[PDB]
Amino acid sequence: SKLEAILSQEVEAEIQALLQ
Amino acid sequence: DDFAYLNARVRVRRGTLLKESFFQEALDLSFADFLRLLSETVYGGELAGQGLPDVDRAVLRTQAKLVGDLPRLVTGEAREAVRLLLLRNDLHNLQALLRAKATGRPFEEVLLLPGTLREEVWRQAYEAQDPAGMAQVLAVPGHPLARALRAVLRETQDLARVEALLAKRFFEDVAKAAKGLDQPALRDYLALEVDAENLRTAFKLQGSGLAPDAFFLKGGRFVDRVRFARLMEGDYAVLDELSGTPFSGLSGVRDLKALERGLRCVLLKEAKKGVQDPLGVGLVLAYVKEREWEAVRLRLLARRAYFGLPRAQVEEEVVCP
Amino acid sequence: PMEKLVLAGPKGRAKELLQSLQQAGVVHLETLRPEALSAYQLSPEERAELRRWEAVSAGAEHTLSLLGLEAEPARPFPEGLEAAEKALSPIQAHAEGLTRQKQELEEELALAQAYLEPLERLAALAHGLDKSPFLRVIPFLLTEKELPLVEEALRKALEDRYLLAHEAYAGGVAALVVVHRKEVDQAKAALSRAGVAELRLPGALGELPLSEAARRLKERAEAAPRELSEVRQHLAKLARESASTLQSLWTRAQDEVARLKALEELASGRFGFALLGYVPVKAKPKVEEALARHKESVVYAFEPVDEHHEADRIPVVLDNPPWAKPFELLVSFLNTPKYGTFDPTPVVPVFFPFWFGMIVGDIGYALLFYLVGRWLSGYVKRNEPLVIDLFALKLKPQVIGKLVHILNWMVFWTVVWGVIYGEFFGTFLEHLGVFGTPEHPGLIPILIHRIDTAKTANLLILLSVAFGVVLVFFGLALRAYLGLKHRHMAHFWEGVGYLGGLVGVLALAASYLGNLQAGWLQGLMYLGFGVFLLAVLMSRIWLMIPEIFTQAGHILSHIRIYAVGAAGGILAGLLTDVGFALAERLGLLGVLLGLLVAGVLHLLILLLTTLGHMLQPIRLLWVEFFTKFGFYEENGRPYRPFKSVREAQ
Amino acid sequence: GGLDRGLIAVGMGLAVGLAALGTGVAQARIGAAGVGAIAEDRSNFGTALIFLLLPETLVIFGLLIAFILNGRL
Amino acid sequence: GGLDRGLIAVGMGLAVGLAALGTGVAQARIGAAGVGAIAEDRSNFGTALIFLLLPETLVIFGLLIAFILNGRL
Amino acid sequence: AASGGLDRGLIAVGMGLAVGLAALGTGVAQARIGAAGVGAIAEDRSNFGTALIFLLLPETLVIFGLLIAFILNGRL
Amino acid sequence: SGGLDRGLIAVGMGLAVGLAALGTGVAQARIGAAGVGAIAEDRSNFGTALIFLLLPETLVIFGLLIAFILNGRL
Amino acid sequence: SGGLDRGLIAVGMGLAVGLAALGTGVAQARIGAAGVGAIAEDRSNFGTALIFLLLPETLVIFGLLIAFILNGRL
Amino acid sequence: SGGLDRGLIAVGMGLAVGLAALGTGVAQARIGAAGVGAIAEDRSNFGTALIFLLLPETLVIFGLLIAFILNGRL
Amino acid sequence: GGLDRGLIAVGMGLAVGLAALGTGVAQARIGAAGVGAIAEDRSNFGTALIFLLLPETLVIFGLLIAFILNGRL
Amino acid sequence: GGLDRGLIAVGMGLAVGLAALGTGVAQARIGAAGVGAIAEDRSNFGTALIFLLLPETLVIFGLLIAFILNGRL
Amino acid sequence: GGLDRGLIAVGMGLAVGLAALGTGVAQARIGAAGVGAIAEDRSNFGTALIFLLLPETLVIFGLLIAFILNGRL
Amino acid sequence: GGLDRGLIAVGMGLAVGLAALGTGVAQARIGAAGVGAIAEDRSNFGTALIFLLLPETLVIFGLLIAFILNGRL
Amino acid sequence: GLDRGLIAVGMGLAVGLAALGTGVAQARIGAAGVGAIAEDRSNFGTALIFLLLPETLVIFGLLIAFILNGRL
Amino acid sequence: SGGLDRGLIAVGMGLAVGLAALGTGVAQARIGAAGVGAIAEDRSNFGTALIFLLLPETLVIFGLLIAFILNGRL
Amino acid sequence: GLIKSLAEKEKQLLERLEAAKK
């Protein structure tokens, strides 16, 4: 849902941290 | 309910009111003996210092203990009238608070009035950062004015207009509830009140950001669209043009502060007119109005004593003719 | 009554002796100085000392207030003025800091209570811990207009990068935006475009983690009253441990300030002095000896009594023999009568307890009223104050003594009227072989049977109305006597007109029900109404015509003296009847049960209606009687005389 | 006959009762405003009692008519 | 007499009692405003007693009627 | 079993009902009237005239009630 | 006998005029309250206050009318 | 015999007209009170004040109608 | 037999119509009070105030209905 | 013997009139609050008319009993 | 006889009528409050209906008694 | 006869009942303002009882009449 | 001889009824202010409860009259 | 017998007056409750309770009504 | 008239309990208003409000006492 | 409050896995 979409848009930052 | 009960408590608290001799007595006095004088009265009970900050903290604490209870003391139908009667000057307190946060004057200076919110809540409101924060902190104790301030903030975001628009919407809601109640003296008082608010907001604009009818509000009795639109310009002699109604008593044009003084005086007088109806609302009306005038006089006299300001300028203020 | 207070307007010479004269008088006796021909107050040092003394006095009052205790005169404080101020300011400032702490903590607990529940709900919905770089800002919007406004604002801000936490609460909703790493900057702008910012906290925790800060606020609220209660009892100990010096200083300061404010009027006149004074004759020798012995001032000057010149400036203090003094309570609070005009302190004892007797019965309640009298007399024997939560009753022994004498009068007249009524119908129905009983065919008490409403009715109510006639006539005649003394033609003619019209309508009733003797009555009624009309004419106030009806109402109003009595008496009678009835329905166990329940119902009806009983005859004296001869019209200057308070040592 | 006396009784009871109700409706407002004024100023006690028992005359005269009928049997 | 006297009693009772009730309902508000006046301005006691006493004429007239009925008894 | 028994007695009850109910009316009226007046006059005796006029005017109700009563007594 | 008739019509007239006077009374009460109020400040309109106080008089007028009709039949 | 035929009808007449008078009394009462209030607040409302004051007389009129009908019953 | 009959019938008639009038009176009282208030606020409430005020008239209409309904029994 | 029809009609009148003022007081307070709401905002008209016409069922029940009684005749 | 036949109607009509008066004053206050809340916000129309329909039980019991009597007639 | 003893009961009952109702009405507002002043200031409990126990005399007059009538039995 | 029992019954019924009505009229305002006071204070319990229980004197008198009426039945 | 009519008047007075009592009670009680609800929903829980307490009145009315009706 | 005797006894008992319940209702009106207000201020004072709500029930208890005293006769 | 419940449940595991993995 919209909550999961916002959670993915936020976890994009965690993915970027893990890629860093 | 049972106005007779609220009226009994009001008539008890009216006995500890400060007689008229006290004002002229403390008019010419030193701050130590002034503090003494305040120690003898009822306000002594919460006076815990010798400096002006503690004096005014005591004054506000006692006005709150002694007036800000009247809602909570009654329920049902009379609670509505008394909640109106306090919410008016609660609006006015928030209005002055907004104007203060505009000019950055410290919260300790902004004059507060006896309202249903305690002292510390307004302390927070000014200690809050931006007007939206004020709305939120006012919504914390569930204030029927918080949501109004919020809904008006989302439109203007300018303190010159938002205060008067807030007044308009609040008077709409609360004059609605009042007309629902249908009490004679209360309705006449609401009339005088909305009229006074109009005559002040007229003086507060003076040509800038003009809106000769977007800032008006219905429900009045003695001022009207035409005289309001006049005072929407820079004219000043529009007052004695209104010669019949009590607002002819102002009979002058000095300054926004002196205009507000005259309006406070005439409204206090017309409330004093409402004593001769014990089993009703006129009594508690007159008592709350006299109590807020008492607080304002204590302010304008502790100010003068502490700063040693000359006796003349405040003597001009004490009489309320 | 007035005991004819008389002007003692002396005239000392030495201005430097005035402080001496007043330091004498205040410890000596009572004079109640007026403000006659006043002049200045010797400004340089006298104004200063007055200021400091009133300051320390009201300071004592203020710190007594904050300490909880009330003002009380205990003992002077002779240690000095500088020492007085330097022994007050420490204790007053200590207690002032104390109450500062207490009220600050009250405010703190208030704020914590106000902030708790919304913050608690937020924390409950603060599943996402507020440590993370992507943030959780806290709004507090309402319910109805909440959703669309903030939703559109956040959509204009970003595209569903935000997350909302909606939960119902006492407020509208506990709205909560979940914000990304750097989105908070623009999200504040977006919500301000919607009209909301983040809900800032009291400030000492507006920056901590909200979850932790929630527990912090909870803990403060859970500990604040404990801290508040401990600082309260701390203040209480501070109060108790020094209150002696407080009241002592207060006494000394009140003496000094009364002395100085008196001097302010005293340093007057066109010569080196001027003074007037009011002392009762029954104290004049005492004030004279007190002036002569210590002072023997340059000279004094005594004046006459000037029965009426202004009639206001003269004070009054009701005196009376202890044959009737305790009753002074029962007339004091209504008014203080002006000098000259009559004083009704002596009339109350003649009637009030007698009427009360006429209301209740001896075996009925005189026994238990004397038990209460014994209780209160022991209470005054130990000389203790009365402390009862029913109100701020501080019944000092000088009040309990008066009360026990009053109750003694009341109970004696009740003893009298009891056997005249033969009360406790029960005890009479049970056994009184001395006089005709209900169990007897011929039921007759000693004189009259109030339990028999058929035979004794008209007699008893005629007796009550006779009390009315005699008392009201005394009232009107006294009004006329005072109109003669005070030389007010209106007063006199109005009084005699009410008297005449009232006796006229009385004889009218007599004829209308009792008899017919023309010259005895018809002529009497005619001439009564004629003198009434003569009065309304040569008085021209003409409010008689409205009030004359009220005056007949008043004279009749004494029917209640019998009415309340009949009600209560035969109530007790029928209750005793029910008691013996239940005793007869069953055996001796039934007898015990019935006596118990009858006693219980009697105690209930007693503690209920006894106040109305005590209150009727006294209100007959209060409004039926006093209103006529004039007792609420003027009010003489009450006796507030110059004196060291010292509880009148 | 008995009907006579019975109607006498009901009429006189009605008289005293209605007059009592009149004094009641009066004293309600009266004593309310009274105790009010008293609580602020213990001196206001006098006129408070004057006015609380000025309309006692109504039930007094109702009771007078009651007594007239009573004596009339 | 007969039933006539009987009922006549109820006539008198209605007259006097409802008159007293009229006075009482008029004594309530008038006297309360009077207590309100006297509680703040001593000098209005006189001009308040007149207002508090005037509506007593209602029970005066009801009493006139209650008596005239007694005449026809 | 008197002839004019029910006759005279109901004339009585009618007289009493008339006067008493008219009294109730006058009382209810003068209640509000004086409740406004007594307050009014405490501002200026130049308001006492009209205040007393308004107080006395509704007494015409009891005037009419007593007139009806007199008519009924005449029929008796 | 005719006593029942001649008396019941009497109590009818009484009740009629009485309840009519009661109606007029309550109406005059409410009306004259604001009447006195609006005269109090300047007595600018005695006319409208008096007129509104007088309008409800029709009630007791009609009560008297019914009573007159009945007594005429008496 | 014609005992109370003519009489109870009269009691009905009186009761009807009187209770109708009460209805109009209460209605006209509150109405006129607020109406005098408005008139004091502004003179321009004499019309509407009169309209609302005079609408509720239908009640006493219908009471009079029932009364006259019962009179017709004689 | 018929006298008391008709008499009572009239009593029922009067009581019905009268307390119907009373209901309409109370209703119209409060309603028209709030009405004339709103009218003093502006004209635009004239229609709603009137349609509110004239609405409870159904009460006295039902009263006159039941009156006429029992009228045939005379 | 017209006692039957008589008392039946008077019971009918009593029921219908009592129910009349029953719905009357309800519509009174309700219409006060309603017309207030309408003067506030025009868009509550039907929401008000519902509550104004909801108590009608009371006088409906009154007339129901009236019809049930007259039918007995 | 016929008198008791009609008095049954008197009683049942009085029962329904006073029940109607009761529920009428109840609905008066309830509908006042409910219209207030509704005009404030629409979110309480349902609870307004529930509270306003609750006092109908009074007139329902009234009609119940009325029918209990109608069985006797 | 019989109706003598019959209607004497309605007489006394109406008397005591109406007088008690009068005292209740007079006592309601008085005691209300009484407990008001009390809770606001404990000091004047005495005034509250004084003004509370004065209007209880009307029911006393009522009992006087009721008992005088009971004397006739 | 028999009807008298019924009139005595209606007498005592009316007596207790009206007396309890008056007592309730008092209780209404008294306890309303009582709850208003006890709302924020807990010490006012002992005084508001006295003021509530005191007006029961009226219904006690009603019970008195009713029982003494029964005494003959 | 003939009493049945007066028995009906009795029960009618009983149920109807008790009904008027509950009417006034629920009137004030709900007029306060409904207003209270506009601030929270626990007001619903308590206000229903306090609306049903006056039901005791009409319940006692019907009680006495059936009691006497057994005799009818 | 033993029939009419029992009938008046029923009128008595019913009127008694009815008026007693009326009084308890009138009292319980203000009591409930105040209690609901108090609860709306705090969920703790219910323990006292309810104590007052059920305090004037003694009036109906007395009404029922007298109703039963009259019952036992029927 | 279904939106709030779902959002809290999601963000919980989201932040958990974030702080765990990186």
# chains A, B, ... in the order shown; residues from 1 in each chain; ligands from 1
$ residues_around --residues "residue 70 of chain G" --least-positions-apart "4" --cutoff "10 Å" --atoms "only C-alpha atoms" --output "list in words"
residues 6, 9, 10, 12, 13, 64, 65, 66 and 74 of chain G; 7, 10, 11, 13, 14, 71 and 74 of chain H
$ write_last_selection --atoms "C-alpha atoms" --output "PDB file, in the first residue's frame"
ATOM      1  CA  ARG G   6     -77.301  28.232  36.106  1.00  0.00           C
ATOM      2  CA  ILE G   9     -72.549  28.245  33.258  1.00  0.00           C
ATOM      3  CA  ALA G  10     -71.298  30.446  36.088  1.00  0.00           C
ATOM      4  CA  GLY G  12     -67.722  28.325  32.922  1.00  0.00           C
ATOM      5  CA  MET G  13     -67.703  32.114  32.740  1.00  0.00           C
ATOM      6  CA  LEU G  64     -64.733  38.751  28.766  1.00  0.00           C
ATOM      7  CA  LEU G  65     -66.561  38.283  25.464  1.00  0.00           C
ATOM      8  CA  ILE G  66     -67.300  34.621  26.158  1.00  0.00           C
ATOM      9  CA  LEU G  74     -78.036  33.461  32.063  1.00  0.00           C
TER      10      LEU G  74
ATOM     11  CA  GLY H   7     -74.114  24.136  31.848  1.00  0.00           C
ATOM     12  CA  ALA H  10     -70.701  26.397  28.970  1.00  0.00           C
ATOM     13  CA  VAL H  11     -67.820  24.921  30.954  1.00  0.00           C
ATOM     14  CA  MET H  13     -66.873  26.882  26.024  1.00  0.00           C
ATOM     15  CA  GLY H  14     -64.924  28.595  28.768  1.00  0.00           C
ATOM     16  CA  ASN H  71     -72.916  28.337  21.902  1.00  0.00           C
ATOM     17  CA  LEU H  74     -77.206  26.272  23.281  1.00  0.00           C
TER      18      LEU H  74
END
$ calpha_fit_and_write --fixed "chain K" --moving "chain J" --output "tab-separated table (two decimals) with C-alpha atoms, in the first residue's frame"
chain	number	residue	atom	x	y	z
J	1	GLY	CA	-74.61	1.59	32.82
J	2	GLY	CA	-71.85	3.08	30.70
J	3	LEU	CA	-69.82	4.26	33.69
J	4	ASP	CA	-67.47	1.34	33.05
J	5	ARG	CA	-66.63	2.09	29.41
J	6	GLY	CA	-66.62	5.81	30.10
J	7	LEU	CA	-64.11	5.85	32.93
J	8	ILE	CA	-62.05	3.21	31.13
J	9	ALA	CA	-61.73	5.44	28.08
J	10	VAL	CA	-60.93	8.50	30.16
J	11	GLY	CA	-58.23	6.59	32.02
J	12	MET	CA	-56.87	5.51	28.65
J	13	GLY	CA	-56.78	9.08	27.40
J	14	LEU	CA	-55.18	10.28	30.63
J	15	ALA	CA	-52.43	7.66	30.48
J	16	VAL	CA	-51.60	8.13	26.82
J	17	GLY	CA	-51.62	11.92	27.03
J	18	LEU	CA	-49.53	12.09	30.17
J	19	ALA	CA	-46.99	9.73	28.62
J	20	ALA	CA	-47.22	11.90	25.53
J	21	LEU	CA	-45.98	15.02	27.24
J	22	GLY	CA	-43.59	12.85	29.25
J	23	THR	CA	-41.76	11.79	26.12
J	24	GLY	CA	-42.39	15.27	24.73
J	25	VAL	CA	-40.34	17.23	27.25
J	26	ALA	CA	-37.57	14.63	27.02
J	27	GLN	CA	-37.40	14.83	23.25
J	28	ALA	CA	-37.58	18.63	23.60
J	29	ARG	CA	-34.44	19.15	25.66
J	30	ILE	CA	-32.72	16.23	23.93
J	31	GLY	CA	-33.48	17.52	20.45
J	32	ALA	CA	-32.27	20.97	21.38
J	33	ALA	CA	-28.91	19.58	22.48
J	34	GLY	CA	-28.87	17.19	19.53
J	35	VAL	CA	-29.53	19.65	16.73
J	36	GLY	CA	-26.90	21.80	18.41
J	37	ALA	CA	-24.40	18.95	18.17
J	38	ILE	CA	-25.29	18.35	14.52
J	39	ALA	CA	-24.85	22.03	13.67
J	40	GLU	CA	-21.45	21.67	15.33
J	41	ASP	CA	-20.30	18.65	13.31
J	42	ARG	CA	-22.28	16.52	10.87
J	43	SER	CA	-20.78	13.22	12.07
J	44	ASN	CA	-22.84	12.87	15.27
J	45	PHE	CA	-26.15	12.16	13.53
J	46	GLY	CA	-26.83	8.64	14.75
J	47	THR	CA	-25.33	9.37	18.16
J	48	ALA	CA	-28.02	12.04	18.45
J	49	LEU	CA	-30.91	10.07	16.96
J	50	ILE	CA	-30.32	7.37	19.57
J	51	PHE	CA	-31.02	9.75	22.44
J	52	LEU	CA	-33.84	11.41	20.53
J	53	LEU	CA	-35.56	8.05	20.05
J	54	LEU	CA	-34.56	6.45	23.35
J	55	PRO	CA	-37.34	8.12	25.42
J	56	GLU	CA	-39.91	6.80	22.93
J	57	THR	CA	-40.27	3.80	25.24
J	58	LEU	CA	-42.26	6.09	27.54
J	59	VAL	CA	-45.10	6.79	25.12
J	60	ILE	CA	-44.72	3.13	24.14
J	61	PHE	CA	-45.59	2.19	27.73
J	62	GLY	CA	-48.43	4.69	27.66
J	63	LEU	CA	-49.92	3.09	24.56
J	64	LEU	CA	-49.28	-0.31	26.13
J	65	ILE	CA	-51.50	0.60	29.06
J	66	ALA	CA	-54.01	2.11	26.64
J	67	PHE	CA	-54.27	-1.16	24.71
J	68	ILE	CA	-54.41	-3.24	27.89
J	69	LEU	CA	-57.32	-1.09	29.03
J	70	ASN	CA	-59.36	-0.96	25.82
J	71	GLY	CA	-58.97	-4.72	25.53
J	72	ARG	CA	-60.90	-4.94	28.79
J	73	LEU	CA	-63.65	-2.95	27.06
$ interface_residues --of "chain B" --to "chain K" --cutoff "12 Å" --atoms "only C-alpha atoms" --output "number ranges by chain"
B: 76-77, 144, 173-174, 176-181
$ closest_residue --among "C:481, C:351, C:629, C:512" --to "chain D" --atoms "only C-alpha atoms"
C:512
$ residues_around --residues "segment 45-57 of chain H" --least-positions-apart "4" --cutoff "6 Å" --atoms "only C-alpha atoms" --output "MDAnalysis selection string"
chainID H and resid 24 28 31:32 35 39
$ calpha_fit_rmsd --fixed "chain H" --moving "chain I"
0.7 Å
$ closest_atom_pairs --of "chain C" --to "chain K" --cutoff "12 Å" --atoms "only C-alpha atoms" --output "Markdown table"
| residue | atom | partner | partner_atom | distance |
| --- | --- | --- | --- | --- |
| C:143 | CA | K:43 | CA | 10.3 |
| C:144 | CA | K:43 | CA | 8.5 |
| C:145 | CA | K:41 | CA | 10.7 |
$ write_last_selection --atoms "N, CA, C and O atoms" --output "compact mmCIF listing (two decimals), in the first residue's frame"
# COMPACT_ATOMS: atom_id res chain seq x y z
N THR C 143 -9.76 15.96 14.03
CA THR C 143 -10.25 14.80 13.30
C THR C 143 -10.83 15.15 11.94
O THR C 143 -10.33 14.69 10.91
N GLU C 144 -11.88 15.97 11.92
CA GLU C 144 -12.71 16.09 10.73
C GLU C 144 -11.93 16.67 9.55
O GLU C 144 -11.71 15.99 8.55
N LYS C 145 -11.50 17.91 9.67
CA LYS C 145 -10.79 18.55 8.58
C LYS C 145 -9.34 18.13 8.50
O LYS C 145 -8.56 18.75 7.77
$ atom_distance --atom1 "atom CA of residue 406 of chain C" --atom2 "atom CA of residue 576 of chain C"
29.0 Å
$ atom_distance --atom1 "atom CA of residue 498 of chain C" --atom2 "atom CA of residue 625 of chain C"
13.7 Å
$ atom_distance --atom1 "atom CA of residue 407 of chain C" --atom2 "atom CA of residue 452 of chain C"
28.4 Å
$ closest_atom_pairs --of "chain O" --to "chain M" --cutoff "6 Å" --atoms "only C-alpha atoms" --output "CSV"
residue,atom,partner,partner_atom,distance
O:1,CA,M:3,CA,5.9
O:2,CA,M:2,CA,5.7
O:5,CA,M:6,CA,4.5
O:8,CA,M:6,CA,4.5
O:9,CA,M:6,CA,4.8
O:12,CA,M:10,CA,3.7
O:13,CA,M:13,CA,5.6
O:16,CA,M:13,CA,4.2
O:19,CA,M:17,CA,4.6
O:20,CA,M:17,CA,4.8
O:23,CA,M:21,CA,3.8
O:24,CA,M:24,CA,5.5
O:27,CA,M:28,CA,3.7
O:30,CA,M:28,CA,5.1
O:31,CA,M:32,CA,5.0
O:34,CA,M:32,CA,5.4
O:38,CA,M:39,CA,5.7
O:59,CA,M:20,CA,5.7
$ write_last_selection --atoms "C-alpha atoms" --output "short mmCIF file (atom, residue, chain, number, x, y, z; two decimals), in the first residue's frame"
data_model
loop_
_atom_site.label_atom_id
_atom_site.label_comp_id
_atom_site.auth_asym_id
_atom_site.auth_seq_id
_atom_site.Cartn_x
_atom_site.Cartn_y
_atom_site.Cartn_z
CA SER O 1 -70.56 1.75 46.96
CA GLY O 2 -67.87 -0.80 47.80
CA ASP O 5 -64.77 2.44 47.25
CA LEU O 8 -61.27 5.61 44.67
CA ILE O 9 -58.64 3.54 46.48
CA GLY O 12 -55.48 7.21 45.33
CA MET O 13 -52.70 4.66 44.99
CA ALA O 16 -49.78 8.79 44.79
CA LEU O 19 -46.84 12.14 41.65
CA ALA O 20 -44.07 10.62 43.76
CA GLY O 23 -41.03 14.37 42.04
CA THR O 24 -38.18 11.89 41.81
CA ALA O 27 -35.08 16.01 41.11
CA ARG O 30 -30.88 18.37 37.71
CA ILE O 31 -29.02 15.59 39.52
CA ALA O 34 -24.76 17.76 37.13
CA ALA O 38 -18.92 16.05 36.45
CA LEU O 59 -39.28 9.60 47.11
#
$ residues_around --residues "segment 311-313 of chain B" --least-positions-apart "4" --cutoff "9 Å" --atoms "only C-alpha atoms" --output "PyMOL selection string"
chain B and resi 27-29+304-305+317
$ select_by_dssp --residues "segment 20-65 of chain E" --states "alpha helix (DSSP H)" --output "ChimeraX atom specification"
/E:20-38,45-53,57-65
$ residues_around --residues "residue 119 of chain B" --least-positions-apart "2" --cutoff "7 Å" --atoms "only C-alpha atoms" --output "mmCIF file with C-alpha atoms, in the first residue's frame"
data_model
loop_
_atom_site.group_PDB
_atom_site.id
_atom_site.type_symbol
_atom_site.label_atom_id
_atom_site.label_comp_id
_atom_site.auth_asym_id
_atom_site.auth_seq_id
_atom_site.Cartn_x
_atom_site.Cartn_y
_atom_site.Cartn_z
ATOM 1 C CA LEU B 60 -2.342 36.276 36.968
ATOM 2 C CA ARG B 61 -2.385 33.254 39.272
ATOM 3 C CA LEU B 117 -6.251 28.883 30.081
ATOM 4 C CA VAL B 121 -0.055 27.542 28.774
ATOM 5 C CA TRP B 122 0.287 31.059 27.417
ATOM 6 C CA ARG B 123 3.900 31.010 28.587
#
